[PDB]
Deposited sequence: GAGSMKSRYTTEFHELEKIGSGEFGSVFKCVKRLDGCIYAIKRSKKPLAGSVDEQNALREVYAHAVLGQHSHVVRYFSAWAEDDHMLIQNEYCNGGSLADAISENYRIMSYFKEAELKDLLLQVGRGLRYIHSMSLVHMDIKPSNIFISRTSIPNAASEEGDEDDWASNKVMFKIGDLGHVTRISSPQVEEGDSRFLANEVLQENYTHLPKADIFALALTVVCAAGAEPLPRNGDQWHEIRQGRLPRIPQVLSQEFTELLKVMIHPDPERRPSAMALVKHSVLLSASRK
């Protein structure tokens, strides 16, 4: 078994439809990795093409400081194993839940930092003519010890020039993608990033549909209980503009003074 030969398993850190994710130490280098272990997808299934999008996204991208690093993938014993960088801070979804548990929150400066850093990850992905298509808090990961945010799960990554769109979570989905308009996909990532920051900011749980859903896609920003400066707030609001061309590109985002300050 390559998995057991190369690695010692420390604890399960995720599970779901499939499979599990384990925190492991690699024996040769003594470093900690996250390894996703699952039953090998049925040939031709959605789960397989997700795994395919992921491997081939990595082949294009290689490494970036705001993208969760993909080291290796292999299959053995009717399982698929995917080795990633371990982010010791968990996902942004975890951190938001923990904030509610203990009644903490992200200060405005910390929210801007989140926005800027994920923006930097999108800038790189977009510059390679890819789009992520599943930005949301559970796919943003956190490395600490001083904090780095990284984009995880490239399973929905597709090409701008020949997009195959597996829709993401309807809570974070821009209206034009739902309308099967795939001509501005980088701006769907920007949209979802705005709502991701809004979630991080303490907003009520986002609607999956209904009037509240549609109101959001009209460019109306959900209520945020923290007082944010008006400049920060207006930047979030423009990121969910109904006209995607009025949303900033990631390039424009990471040069924004409100964020760099």
Non-modelled portions of the deposited polymer sequence, in sequence order: 1-6, 152-169, 286-289
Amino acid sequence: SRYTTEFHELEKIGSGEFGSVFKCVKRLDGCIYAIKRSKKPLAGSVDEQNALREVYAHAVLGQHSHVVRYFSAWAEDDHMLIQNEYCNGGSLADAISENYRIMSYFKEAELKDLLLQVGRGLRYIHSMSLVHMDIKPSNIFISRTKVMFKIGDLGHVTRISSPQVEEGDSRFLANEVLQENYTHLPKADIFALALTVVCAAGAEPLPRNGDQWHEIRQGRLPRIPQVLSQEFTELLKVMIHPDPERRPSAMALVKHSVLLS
From here on, numbers count along this sequence of modelled residues.
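The term rigid core refers to the most C-alpha atoms you can superpose between the two forms while keeping them within 1.5 Å.
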Stretch farther from the shown model on average in 9 other deposited structures of this protein, with CA RMS computed after core superposition (211-219, 51-59): 51-59
Stretch with larger C-alpha RMS deviation in 9 other deposited structures of this protein, core superposed, 134-142 versus 160-168: 160-168
74-82 versus 121-129 - which carries the larger mean C-alpha B factor in the record: 74-82
Of 32-40 and 216-224, the one with larger mean CA B-factor: 216-224
Candidate residues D113, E167, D189, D94, the one whose C-alpha B factor the record puts highest: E167
Residue with maximal Cα B-factor (values as given in the PDB entry) among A250, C24, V238, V21: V238
Modelled-residue ranking by C-alpha temperature factor, third containing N88: lowest
Where the record places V198 (Cα B-factor, split into thirds across the chain): middle
Entry-reported Cα temperature factor of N99, expressed as the chain third it lands in: middle
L206 - Cα temperature factor, lowest/middle/highest third of chain: middle
Relative C-alpha B-factor of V67, binned into the chain's lowest, middle or highest third: lowest
